[PDB]
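Both blocks below hold the same protein chain, though in two forms, and each is given as structure tokens: structure 1 and structure 2.
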Structure 1
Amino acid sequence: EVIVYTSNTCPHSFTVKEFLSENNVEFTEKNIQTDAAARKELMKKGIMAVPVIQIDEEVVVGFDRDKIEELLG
């Protein structure tokens, strides 16, 4: 149920990708430098930041590890 909006330009997208993988967390990666639909929806709700973590309804802006570990439990 985890959706991660990433981009190859900056490292916090990889920082959060490693964290999720190292805790056996499944997620759908939507890279906005090749995905136009993900880039479009991210622009729809006006989020000017990367990476975006959508945990089932809630959004985490940036690799806030303390918030991610809470939302996932």
Structure 2
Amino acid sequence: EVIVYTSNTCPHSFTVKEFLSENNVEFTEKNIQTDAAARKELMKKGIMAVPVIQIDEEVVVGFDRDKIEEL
């Protein structure tokens, strides 16, 4: 059972969805910019507990070790 919390931003939601569908993994999509209940449920997860690292300009979301190493 898979849920994908999406947005109205076209780079990455479609990336995750294409990856999941191409691997034949069936999922249900909740758009947190059109489904207020979905965003309230995502906030009940520790989503504001994830840190964000700003390197002069770029943004790393979560502790992505190798990415932060490269900058």
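Throughout, rigid core stands for the largest set of C-alpha atoms superposing within 1.5 Å between the two forms. The first residue in the sequence of structure 1 is number 1, and each one after it adds one. Shifts are known only where both forms have a C-alpha.
- Taking 2 Å as the criterion, residue 22 does not count as shifted between structure 1 and structure 2: its C-alpha moves by less than this amount when the rigid core is aligned.
- Comparing the forms between structure 1 and structure 2, the C-alpha position of residue 37 differs by less than 2 angstroms, with the core used for superposition.
- Here residue 48 exhibits a Cα shift of 4.2 Å between structure 1 and structure 2, evaluated on the superposed rigid core.
- In the core-superposed comparison between structure 1 and structure 2, the CA atom of residue 61 travels 8.2 Å.
- In sequence order, 48 to 71 is the sole run of at least 3 consecutive residues whose Cα positions differ by 2 Å or more between structure 1 and structure 2 once the rigid core is superposed.
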